[PDB]
Ligand SMILES: Nc1ncnc2c1ncn2[C@@H]1O[C@H](COP(=O)(O)OP(=O)(O)O)[C@@H](O)[C@H]1O
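Numbering (the entry's author numbering), first residue to last: 30 to 177, 208 to 263.
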């Protein structure tokens, strides 16, 4: 159930998965392929928990995790994507975004920070940004975490999912009620995408 718990075997599985993640990093580094991981969800959904578990055994030299907050005034002097462009990883490196550019079609939309034209146009803008990256030597995965203006958020999220879920930049939905499930799920999904990419290129 969502009201389920798993244990002890969890701990063993986590370690294995975490080590598999280390191996992934080694691959990414060697083949100079960047990884951008996006975590979006409502507060208390377990984003940060998942992030911690994902990179526990990864070398800190290899990754940077970015907490994303509302744009400050100096950020508003440029286009909305610029902040993210500055925080992009170099090839071989991992960038994790706690919240992200998807803010445009989520919070900004709900709280009226973005005009309707602005947020309506954004899905395609975002898709085009991600494609510029994915066409080259970046991998992107996006994670949404749900725990049982909340209705308005679900509506916004769905449209996000419809318009911006793409093969090269998938949206993965994770049930967060059991934190352990979620942490395992995030690791499993991250690893699989990387393996499929390794297959797409002739690697490992
Ligand atoms: N572009 C953005 N505009 C405003 N807030 C943003 C933006 N990107 C991220 N945020 C974060 O979202 C917070 C607003 O609450 P939010 O998480 O969107 O809703 P909820 O609490 O209902 O899940 C801000 O305090 C900030 O941490």
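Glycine included, every Cβ here is placed at the ideal spot set by N, Cα and C.
{"Asked": "Are residue 93 and residue 50 touching if we call contact CB-CB under 7 angstroms?", "Found": "no"}
{"Asked": "If I measure Cβ to Cβ from residue 127 and keep anything under 8 angstroms in the same chain, skipping five residues before and after, which residues do I get?", "Found": "68, 76, 77, 80, 94, 95, 96, 97"}
{"Asked": "Quick check: is any heavy atom of ligand 1 less than 6 angstroms from the C-beta of residue 71?", "Found": "yes"}
{"Asked": "Between the Cα of residue 53 and those of 37, 102, 91, spot the shortest distance and give me the residue it belongs to.", "Found": "91"}
{"Asked": "By alpha-carbon positions, which one of 148, 168, 136, 133 ends up nearest to residue 120?", "Found": "168"}
{"Asked": "Tell me the residue span of the beta strand (DSSP E) that contains residue 303.", "Found": "One cannot answer for residue 303 here, as it falls past the ends of the chain, which runs 30 to 263."}
{"Asked": "Under 7 angstroms Cβ to Cβ from residue 58, same chain only, skipping five residues before and after it: list those, please.", "Found": "91, 121"}
{"Asked": "If you follow the alpha helix (DSSP H) that residue 142 is in, where does it begin and where does it stop?", "Found": "Note, residue 142: premise wrong, no alpha helix (DSSP H); not H, not E."}
{"Asked": "State the start and end residues of the unbroken beta strand (DSSP E) segment that holds residue 96.", "Found": "92-96"}
{"Asked": "Out of 222, 163, 238, 42, state which residue places its alpha-carbon closest to the alpha-carbon of residue 64.", "Found": "163"}
{"Asked": "Based on DSSP bridge pairs, tell me the residues matched to residue 67.", "Found": "126, 171"}
{"Asked": "What residue from 249, 254, 239, 260 has the CA that sits closest to residue 38's CA?", "Found": "239"}
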